[PDB]
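Below you'll find only one chain, the form deposited in one PDB entry, shown as structure tokens.
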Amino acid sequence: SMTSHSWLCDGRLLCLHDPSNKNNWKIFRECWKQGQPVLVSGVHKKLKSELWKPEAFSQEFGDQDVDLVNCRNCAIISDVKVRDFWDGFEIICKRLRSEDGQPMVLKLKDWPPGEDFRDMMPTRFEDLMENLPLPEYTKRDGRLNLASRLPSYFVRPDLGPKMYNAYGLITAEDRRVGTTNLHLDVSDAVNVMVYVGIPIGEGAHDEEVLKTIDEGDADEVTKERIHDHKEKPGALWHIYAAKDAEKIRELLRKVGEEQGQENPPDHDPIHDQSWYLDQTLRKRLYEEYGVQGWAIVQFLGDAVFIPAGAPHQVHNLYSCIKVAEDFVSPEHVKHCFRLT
């Protein structure tokens, strides 16, 4: 039977089922006030699916100049055509290769660049913004979005949205690497999975995806969305409460020292965006510092709500197109205030 919502993460994560329900705020707002992330499923069913395909981005924008990142070693691939990224999104034999002859796991950096999404892609901008869940929080002009209403004593987010495009991580060694490393944002954000590409050529890599989800500490209900309903899983997230940020900094200063980094005792390993918490580090965070997180699998059409100040990291299971919008809720405005 169709229900308003369910619980993931053993009761600690709200999952809303109807992305456009006029009464969603009644279920959402107490979870949000307590500083929890929230998941909303079904956004893909509201979108024009033809606007969000990798082949359309290549045909329309392929001659633009961009930089890529090799996710395995952080090497920057400078000044290539954006088609060189898109044409290998799902077809492994078309991907740029490393010196060892293997196909690379690539991230497309800063594309579209800066605040240019709306100017470059007006039809896509309209399709995303008209179908965001919790529209009084998430729309530029929402009644509960303070972004356009605050003075300079507050850090204001850029004009969005922003697109996040990267291949899936593939090997046993890739399990310890991030697509996006551990960091925090001073605004709230909603991140929508608009396309998942499951490749061909090495298309049989479904086994290491199951081991990554399991070792990623995913709950038993999350493990059922695959096996029972064959939804397409895009990315594995870990999110931590804003109140636990300093304890995470203490763990990472101690691990940097153990590994022979030479950092002043005050440097900020979260702002540095240089760490990915693998199974070993997540267990050490729990056991040595008392900190538990939320392990979330973002399927096609899932929207992830990330609270301001909450440290978070992202590991792509398959090739993902994500679109995210920043907003400033009244519940979390303290995180962008410039005093005390």
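Heads up: residue numbers just count along the shown sequence, starting at 1. Here the rigid core means the biggest group of C-alpha atoms that line up within 1.5 Å when the two forms are laid on top of each other.
Visitor: Stretch 265-273 versus stretch 223-231: after rigid core alignment, which one is farther off in C-alpha RMS in 8 other deposited structures of this protein?
Guide: Per-stretch check in 8 other deposited structures of this protein: the more divergent one is 223-231.
Visitor: Could you check the entry and say whether 62-70 or 302-310 has the higher mean CA B-factor?
Guide: 62-70 has the higher mean C-alpha B-factor.
Visitor: Using only the Cα atoms and their B-factors as the entry lists them, report which of 188-196 and 266-274 averages higher.
Guide: Stretch with the higher mean C-alpha B-factor: 266-274.
Visitor: Just to confirm, going by the entry's C-alpha B-factors, which of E246, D87, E136, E208 comes out highest?
Guide: Highest CA B-factor of the listed options: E208.
Visitor: Name the one of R225, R97, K107, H183 with the greatest CA B-factor according to the PDB entry.
Guide: So the option with the highest C-alpha B-factor is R225.
Visitor: Once the chain's modelled residues are ordered by C-alpha B factor and cut into thirds, is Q36 in the lowest, middle or highest one?
Guide: For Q36, the deposited C-alpha B-factor lands in the lowest third.
Visitor: Would you mind ranking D10 by its C-alpha B-factor against the rest of the chain and naming the third, lowest, middle or highest?
Guide: Highest third.
Visitor: Compared with the other modelled residues in the chain, in which third is the CA B-factor of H238?
Guide: According to the entry, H238 has a C-alpha B-factor in the chain's lowest third.
Visitor: Looking at the C-alpha B-factor of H315, is it in the lowest, middle or highest third of its chain?
Guide: It belongs to the lowest third of the chain when residues are ordered by C-alpha B-factor.
Visitor: Quick check for you: using the entry's CA B-factors within this chain, is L251 in the lowest, middle or highest third?
Guide: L251: CA B-factor falls in the middle third of its chain.
The same protein also has a form solved in complex with a small molecule, omitted here; what follows describes it.
Visitor: Please pick, from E126, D87, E231, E215, the one residue with any non-hydrogen atom lying within 4.5 angstroms of the small molecule in the bound PDB entry.
Guide: It is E231.
Visitor: May I ask you to choose, among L144, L159, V209, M120, the residue with a heavy atom within 4.5 Å of the small molecule in the bound PDB entry?
Guide: Checked against the cut-off, the match is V209.
Visitor: Counting only heavy atoms and a 4.5 Å cut-off, does the small molecule in the bound PDB entry sit next to every one of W52, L132 and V194?
Guide: The answer is no: none of the three residues contacts the partner (heavy atom, 4.5 Å cut-off).
Visitor: Based on heavy atom distances of at most 4.5 Å to the small molecule in the bound PDB entry, which listed stretch, 136-144, 168-176, 223-231, 253-261, is the contact stretch?
Guide: In the other structure, the partner sits against 223-231.
Visitor: Can you check whether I92 is within 4.5 Å of the small molecule in the bound PDB entry, heavy atom basis?
Guide: No.
Visitor: With a 4.5 Å heavy atom cut-off, would you call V80 a contact of the small molecule in the bound PDB entry?
Guide: Close contact is absent here: in the bound PDB entry, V80 is far from the small molecule, nothing within 4.5 Å, heavy atoms only.
Visitor: Does the small molecule get within 4.5 angstroms of any non-hydrogen atom of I198 in the bound PDB entry?
Guide: Yes, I198 sits close enough to the small molecule in the bound PDB entry that at least one of its heavy atoms falls within 4.5 Å.
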